[PDB]
Amino acid sequence: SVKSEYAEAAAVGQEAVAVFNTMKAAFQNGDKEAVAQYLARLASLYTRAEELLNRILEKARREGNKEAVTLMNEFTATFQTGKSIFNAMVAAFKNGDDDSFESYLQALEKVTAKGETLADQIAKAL
């Protein structure tokens, strides 16, 4: 079902949350060796989630589920905000800019925590 696919994409999302929190602890400890690996893992997770969310949106459209389309449009636009912030973090790590890294990390956390309200309504609309 579109709903089973949504639950799968939500689980990938929660996987990225878990890796993000481990990455934050490593950043705070100064384990540059670990942060680089977590960043690569997160990028692969975000790429997968984006693909899954897009397939779900296109299926909702083909089903004529207007309400799910609206919510998925709003959700994917916010997903892109987080992805822009994540890309900025990746660049800041590569430049050695821990100050910017922390700032972007904090921003990505609240773009993520504020997207929580919408993920719940998407499940119910699909």
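Along each chain, numbering proceeds from 1 in written sequence order. Entry numbering may differ, and residues lacking coordinates are not shown. Water and hydrogen atoms were dropped before computing side-chain values, which therefore reflect all heavy atoms in the structure. Residues with missing side-chain atoms are left out of burial classes, side-chain pairs and their counts.

Per the deposited record, determination of this structure is attributed to X-ray crystallography, with the resolution reported as 1.6000 Å.

Chemist: Give a detailed account of the pattern of salt bridges, specifying residues and quantitative values.
Modeler: Think of it this way: side chains of opposite charge can pair up when their charged atoms draw near. What counts as a salt bridge is simple: a side-chain nitrogen of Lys or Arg found within 4 Å of a carboxyl oxygen of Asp or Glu. Per the counting criterion, the structure on display carries five salt bridges. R61 is the partner of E58 in a salt bridge, and the nearest nitrogen-oxygen pair spans 3.4 Å. Placement of the pair is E58 and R61 together in helix 2 (residues 32-62), with a separation of three residues, close to one helical turn. A 1.4 Å probe rolled over the protein chains alone gives each residue an accessible area, and that area as a share of the maximum for its type sets the label: buried under 20%, exposed over 50%, partly exposed in between. Take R61: its relative accessible area is 41%, and that puts it in the partly exposed class. Think of it this way: any DSSP run of H or I at least four residues long counts as a helix, any run of E at least two long counts as a strand, and we number them from the N terminus.

Chemist: Describe the environment of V35, naming the residues involved and giving the relevant values.
Modeler: Along the chain, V35 falls in helix 2. With a relative accessible area of 2%, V35 lands in the buried category. Sequence-wise, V35 and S100 are 65 residues apart; in three dimensions their C-alpha atoms are separated by 15 Å. Contacts: residue pairs with any heavy atoms within 4.5 Å of one another. Discounting residues that sit within four places of it in the chain, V35 has contacts with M23, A26, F27, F93 and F101.

Chemist: Give a description of the packing of aromatic side chains that names residues and reports values.
Modeler: Ring geometry is summarised as follows: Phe, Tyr and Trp rings, the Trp one being its six-membered ring, pair when their centres sit within 6.5 Å, and such pairs are stacked at plane angles under 30 degrees, edge-to-face over 60 and tilted between the two. Applying the stated criterion to the full structure yields three aromatic pairs. Seen from their ring centres, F27 and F101 are 4.7 Å apart, and the 35 degrees between their planes marks the pair as tilted. Of this pair, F27 sits in helix 1 (residues 2-29) while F101 sits in helix 4 (residues 98-114), and the two are 74 residues apart along the sequence. The same class applies to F27 as to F101, namely buried. Ring centres of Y46 and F86 lie 4.9 Å apart, and the angle between their planes is 70 degrees; on these two criteria the pair is classed as edge-to-face. Placement of the pair is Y46 in helix 2 and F86 in helix 3 (residues 66-95), with a sequence separation of 40 residues. One exposure class covers both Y46 and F86, and it is buried. Put simply, the rings of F27, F93 and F101 touch in pairs and so form one group of aromatic residues.

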